[PDB]
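Working notes for the structure below.
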Amino acid sequence: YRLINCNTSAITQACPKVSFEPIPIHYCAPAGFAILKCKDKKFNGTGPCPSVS
Amino acid sequence: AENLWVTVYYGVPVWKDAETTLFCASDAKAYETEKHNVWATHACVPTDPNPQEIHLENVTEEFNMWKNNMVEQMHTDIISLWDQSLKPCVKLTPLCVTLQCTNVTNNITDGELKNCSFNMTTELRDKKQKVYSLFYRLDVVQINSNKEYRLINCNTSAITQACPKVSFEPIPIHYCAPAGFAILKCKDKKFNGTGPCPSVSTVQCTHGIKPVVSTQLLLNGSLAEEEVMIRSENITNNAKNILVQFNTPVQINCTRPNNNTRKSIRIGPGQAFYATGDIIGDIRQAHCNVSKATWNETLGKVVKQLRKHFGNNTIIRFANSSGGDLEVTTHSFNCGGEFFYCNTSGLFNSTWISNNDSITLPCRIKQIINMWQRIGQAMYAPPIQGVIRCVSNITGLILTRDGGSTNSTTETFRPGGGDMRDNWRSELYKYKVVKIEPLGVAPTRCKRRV
Amino acid sequence: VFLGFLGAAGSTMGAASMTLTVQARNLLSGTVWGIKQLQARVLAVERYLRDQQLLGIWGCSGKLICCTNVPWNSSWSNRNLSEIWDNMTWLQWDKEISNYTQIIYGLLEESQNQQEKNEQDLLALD
Amino acid sequence: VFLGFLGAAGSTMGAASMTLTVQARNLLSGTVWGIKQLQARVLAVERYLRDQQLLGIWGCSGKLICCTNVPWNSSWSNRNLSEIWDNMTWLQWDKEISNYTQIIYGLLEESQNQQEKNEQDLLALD
Amino acid sequence: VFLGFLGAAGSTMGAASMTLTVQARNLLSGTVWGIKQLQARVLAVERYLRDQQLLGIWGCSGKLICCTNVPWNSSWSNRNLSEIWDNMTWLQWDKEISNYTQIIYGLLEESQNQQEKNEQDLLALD
């Protein structure tokens with residue numbers, strides 16, 4: 001046999017040091033922008049929200 | 001009353017001369033040649049679709065086509081543009097092996113090319129590849145029986161292959177100042193390159209030029225106005241390379257009339273090579289055709305402005321370049337992804353005193369090149385499927401002269417130049433930078449309260 | 001008369017203190033290669049901020065017109081007022097300050113508002 | 001009462017324009033990946049200083065709430081002071097000004113403070 | 001006797017309120033092996049524009065000195081006046097407000113210009 005990328009591509013092994021568990025991140029905004037959050041619970045996505053947050 | 005003071009006004013029409021960094025613009029229709037960034041457009045602001053130009057009066061400034069530092073930055077911008085448009089692609093290090101070269105597969109009637117064989121590494125590592133290609137006599141040199149060649153740059157440096165999509169024909173771009181800076185234009189007709197310019201306008205954004213890598217001639221650019229331009233850095237210094245700006249456009253139409261074939265060569269893992277496949281059919285050599293009518297008048301028009309630059313009664317001669325490298329002896333320019341080199345002997349060849357069809361020039365097809373004197377980088381231009389053609393308004397010229405000679409009797413004029421900085425002077429004679437200083441000051445007679 | 005941005009670059013200073021606001025518009029005008037604009041709009045505020053700080057300390061605070069209390073001590077480019085505001089433009093007179101414009105402002109921020117903003121709480125303690 | 005930030009969006013214009021000193025406190029305060037936050041804050045002060053100039057190249061000079069001498073032209077949703085100012089919300093009032101707010105400031109620096117603070121000059125030089 | 005920058009370090013508050021145009025003038029002052037400059041300067045106007053921000057929202061705007069219309073809430077360490085200005089420094093002063101300036105500063109902005117500038121739109125209209 002051969003390795004499978006060989007008939008198409010190059011390939012690179014990562015460092016076994018680097019771990020890969022999902023870790024949380026907050027997305028940010030500066031002076032002039034923000035992010036909205038419609039606090040509806042029964043929220044089917046489309047429309048104005050009664051108690052927008 | 002009369003004892004003067006200090007009175008402050010902000011937003012005054014006052015600026016200073018200083019040099020700094022502009023930012024790109026490039027229209028929005030020129031945005032559409034792409035090819036994974038032809039040149040540099042990424043987050044670049046598209047040109048204000050109508051770049052407002054504000055005419056000025058009672059405004060004077062000294063422009064210069066020599067100490068100008070917009071030539072300085074531009075000469076190293078295009079170097080790294082070229083560098084970065086190259087540096088993530090395929091290396092061709094296994095291609096520095098001796099190539100068996102022999103007179104190309106024809107029925108003689110010489111050929112200029114050769115049918116050349118070699119080994120090469122494929123997708124698997126341990127197995128090699130028998131395959132042959134076709135190179136020009138400038139792409140290879142005889143390192144030392146059938147004549148044995150190497151890639152001519154192996155003796156020098158390491159090379160690269162371009163990602164084939166990149167379209168190399170020059171593309172129009174504009175130039176904008178951010179706020180706090182402005183751009184001034186020298187809209188005059190008889191500008192001797194040194195002293196006060198006669199007509200200034202300002203913009204946030206300029207016109208559209210094309211990065212034309214052309215030694216000797218200039219094309220794809222900006223024509224002159226009225227009587228043909230005879231400009232010099234200082235009209236008594238022959239060691240400075242001399243520049244010209246035509247009024248009449250001479251129409252060119254370079255072509256590589258060979259329906260080219262491109263070979264898919266697996267030399268990875270992943271890496272590939274695009275080899276020069278077999279030329280489809282009849283064999284013709286690349287060339288550039290030029291109209292006879294407009295050339296005959298670029299003679300008489302330019303000539304009579306030279307007796308205005310030395311003697312109303314003398315004899316003027318033109319001859320071709322005696323020797324150097326092909327960039328200066330021939331016409332160096334990219335035509336469709338590869339570089340042409342046309343023998344410029346038929347032009348620089350005339351004699352001048354005090355008082356239907358076409359023509360062409362023979363051009364050599366060059367693919368590998370080590371341009372920009374970026375000592376360390378030469379590379380291979382991928383083959384160009386299909387017949388190539390490229391047209392342009394011929395626009396400029398670089399040339400030189402002789403020495404003392406027999407004075408007033410005659411004088412020679414020859415081609416050369418080469419250094420891509422004097423080519424950037426063919427458009428930068430009319431552009432310089434300013435910074436805005438809105439806080440003026442004046443002595444009226446007034447004062448502020450306590 | 002309204003002849004555009006920098007339209008009055010070389011006419012009489014009286015006709016040149018008109019458009020004090022159009023030149024106060026394009027002092028702020030709002031991987032790689034994005035570096036070409038990010039280092040350009042950085043130097044837009046740099047041509048504005050220099051004057052925002054200077055005028056703020058002074059009796060200007062705001063922009064446009066701003067009287068000051070500095071005697072044009074006749075050792076400077078002493079001229080007739082007509083030889084300043086009537087026969088010259090911005091360019092022809094900011095030429096004249098240049099011999100002494102490095103001397104005028106050991107005063108506006110250094111001898112005026114250093115002292116004329118500390119008698120505002122020896123007086124204002126009533 | 002110090003509720004928070006911008007609760008008065010579907011609330012009346014005065015209750016909105018009440019806390020004029022709340023929203024202006026937390027906006028400045030005091031490799032790759034370290035570049036997306038970098039390209040966000042230098043384009044977050046060029047626009048801020050574009051405002052710092054405009055409050056100075058008009059007559060206001062100071063900060064906060066300045067009034068104007070401009071025809072609020074009748075075509076712009078005219079209700080009474082009490083049916084606009086003492087009645088409506090910036091959810092229900094900004095829903096009516098939008099389509100023509102570009103004509104109001106085709107003037108806010110043009111025929112006024114450009115020529116107005118120059119009227120201060122042709123005056124105070126003779 | 002011109003003692004330099006912050007040369008009134010360990011001197012009386014009154015004398016150390018003189019050079020207000022010395023520690024505020026030069027707070028703006030008008031590849032690799034280059035990241036260093038372009039990195040460090042992104043901090044200069046972050047700790048300067050904060051000051052051009054906060055003076056505007058207080059009863060200040062006009063630079064240097066400017067008073068307030070707020071009660072000095074006597075829960076703070078109030079002291080005798082001939083034991084403050086006559087003798088204290090700007091280096092001994094700020095050490096005291098340390099333990100509670102996060103409770104202290106919620107007033108000039110929350111109280112004065114939230115109401116003392118809303119006594120001006122309880123002035124100018126009808």
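Chain identifiers are assigned as A, B, and so on, following the order in which chains appear in the structure tokens; residues are numbered from 1 within each chain, and ligands are numbered from 1 in order of appearance.
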For this session: Calculate the C-alpha RMSD, in Å to one decimal, after superposing chain C onto chain E by least squares over all C-alpha atoms paired in sequence order.
Result: 1.5 Å
For this session: Quick one: everything within 7 Å of range 385-398 of chain B, counting only C-alpha atoms, minus sequence neighbours fewer than 4 positions away in the same chain. Send it as an NGL selection string.
Result: :B and (216-223 or 241-246 or 249-262 or 335-336 or 415-417)
What are the nearest atom pairs, with distances in Å to one decimal, for all residues of chain D that come at most 10 Å from chain B, using only C-alpha atoms, set out by chain and rising residue number as a tab-separated table?
```
residue	atom	partner	partner_atom	distance
D:46	CA	B:179	CA	9.9
D:56	CA	B:10	CA	9.6
D:57	CA	B:10	CA	7.9
D:114	CA	B:11	CA	9.8
D:117	CA	B:9	CA	9.4
D:118	CA	B:9	CA	9.2
D:121	CA	B:444	CA	9.0
D:123	CA	B:446	CA	9.6
D:124	CA	B:446	CA	5.8
D:125	CA	B:444	CA	5.3
D:126	CA	B:445	CA	7.4
```
Emit the selected residues as a compact mmCIF listing (two decimals), in the first residue's frame, including N, CA and C atoms.
```
# COMPACT_ATOMS: atom_id res chain seq x y z
N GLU D 46 -10.55 57.02 14.49
CA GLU D 46 -10.60 57.94 13.35
C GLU D 46 -12.00 58.52 13.18
N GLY D 56 -15.89 71.27 16.96
CA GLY D 56 -15.03 72.42 17.09
C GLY D 56 -15.07 73.31 15.86
N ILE D 57 -15.25 72.72 14.68
CA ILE D 57 -15.34 73.51 13.46
C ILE D 57 -16.74 74.05 13.23
N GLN D 114 -18.75 77.89 8.27
CA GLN D 114 -17.68 78.19 7.34
C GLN D 114 -17.62 79.69 7.06
N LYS D 117 -17.93 81.87 11.17
CA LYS D 117 -16.71 82.18 11.90
C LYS D 117 -15.72 82.97 11.07
N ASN D 118 -15.95 83.09 9.76
CA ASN D 118 -15.19 84.04 8.96
C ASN D 118 -15.79 85.44 9.04
N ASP D 121 -14.02 87.24 11.33
CA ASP D 121 -12.67 87.61 10.94
C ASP D 121 -12.63 88.92 10.16
N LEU D 123 -14.62 91.04 10.39
CA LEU D 123 -14.94 91.98 11.46
C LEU D 123 -13.70 92.33 12.28
N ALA D 124 -13.05 91.32 12.86
CA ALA D 124 -11.99 91.54 13.84
C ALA D 124 -10.61 91.64 13.19
N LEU D 125 -10.50 92.43 12.11
CA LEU D 125 -9.18 92.78 11.58
C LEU D 125 -9.16 94.22 11.06
N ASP D 126 -10.14 95.03 11.44
CA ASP D 126 -10.23 96.39 10.95
C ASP D 126 -10.97 97.28 11.95
```
Problem set entry | Distance criterion (only C-alpha atoms): nearest to residue 83 in chain C out of C:8, C:35, C:13, C:103 |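 Closest to residue 83 in chain C of all the choices is C:13.
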Kindly provide the residues of chain E that approach chain C to within 9 Å, each paired with its closest atom pair and their distance in Å to one decimal, based on only C-alpha atoms, listed by chain and increasing number, as CSV.
```
residue,atom,partner,partner_atom,distance
E:17,CA,C:118,CA,7.6
E:18,CA,C:118,CA,6.6
E:19,CA,C:114,CA,6.2
E:20,CA,C:114,CA,6.3
E:21,CA,C:114,CA,5.4
E:22,CA,C:114,CA,8.2
E:24,CA,C:57,CA,8.8
E:25,CA,C:53,CA,7.7
E:28,CA,C:53,CA,7.2
E:29,CA,C:50,CA,7.4
E:30,CA,C:50,CA,4.3
E:52,CA,C:53,CA,8.6
E:61,CA,C:61,CA,7.5
E:62,CA,C:61,CA,5.5
E:63,CA,C:57,CA,5.1
E:64,CA,C:57,CA,6.7
E:65,CA,C:117,CA,6.1
E:66,CA,C:120,CA,8.1
E:67,CA,C:121,CA,8.4
```
With 12 Å as the cut-off and only C-alpha atoms counted, what is the closest atom pair between each nearby residue of chain A and chain B? Distances in Å to one decimal, ordered by chain and number, as JSON lines.
```
{"residue": "A:1", "atom": "CA", "partner": "B:124", "partner_atom": "CA", "distance": 10.8}
{"residue": "A:2", "atom": "CA", "partner": "B:124", "partner_atom": "CA", "distance": 8.0}
{"residue": "A:3", "atom": "CA", "partner": "B:124", "partner_atom": "CA", "distance": 9.3}
{"residue": "A:4", "atom": "CA", "partner": "B:269", "partner_atom": "CA", "distance": 10.2}
{"residue": "A:5", "atom": "CA", "partner": "B:269", "partner_atom": "CA", "distance": 7.5}
{"residue": "A:6", "atom": "CA", "partner": "B:269", "partner_atom": "CA", "distance": 5.1}
{"residue": "A:7", "atom": "CA", "partner": "B:123", "partner_atom": "CA", "distance": 6.1}
{"residue": "A:8", "atom": "CA", "partner": "B:270", "partner_atom": "CA", "distance": 5.1}
{"residue": "A:9", "atom": "CA", "partner": "B:270", "partner_atom": "CA", "distance": 3.6}
{"residue": "A:10", "atom": "CA", "partner": "B:270", "partner_atom": "CA", "distance": 4.7}
{"residue": "A:11", "atom": "CA", "partner": "B:269", "partner_atom": "CA", "distance": 8.1}
{"residue": "A:12", "atom": "CA", "partner": "B:269", "partner_atom": "CA", "distance": 11.3}
```
For this session: Residues of chain A near chain D: apply a cut-off of 8 Å, count only C-alpha atoms, and supply the list as an NGL selection string.
Result: :A and (30-32)
Restricting the output to N, CA, C and O atoms, write the selected residues as a CSV table (one decimal), in the first residue's frame.
```csv
chain,number,residue,atom,x,y,z
A,30,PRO,N,-16.0,46.6,19.1
A,30,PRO,CA,-15.4,47.8,19.6
A,30,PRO,C,-16.3,49.0,19.7
A,30,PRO,O,-17.6,48.8,19.7
A,31,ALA,N,-15.7,50.2,19.7
A,31,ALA,CA,-16.5,51.4,19.9
A,31,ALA,C,-17.2,51.8,18.6
A,31,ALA,O,-16.7,52.5,17.7
A,32,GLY,N,-18.5,51.4,18.4
A,32,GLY,CA,-19.3,51.7,17.3
A,32,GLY,C,-20.2,50.6,16.8
A,32,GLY,O,-21.1,50.8,16.0
```
Within chain A, find each residue whose DSSP state, derived from the backbone, is strand (DSSP E or B), and express the selection as a CSV table (one decimal) with N, CA and C atoms, in the first residue's frame.
```
chain,number,residue,atom,x,y,z
A,31,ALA,N,-15.7,50.2,19.7
A,31,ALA,CA,-16.5,51.4,19.9
A,31,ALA,C,-17.2,51.8,18.6
A,33,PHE,N,-19.9,49.4,17.3
A,33,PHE,CA,-20.6,48.2,16.9
A,33,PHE,C,-21.0,47.4,18.2
A,38,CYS,N,-32.0,38.5,20.9
A,38,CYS,CA,-33.4,38.5,21.1
A,38,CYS,C,-33.7,37.4,22.1
A,52,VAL,N,-37.0,42.4,23.1
A,52,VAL,CA,-35.6,42.4,22.6
A,52,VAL,C,-34.7,42.7,23.6
```
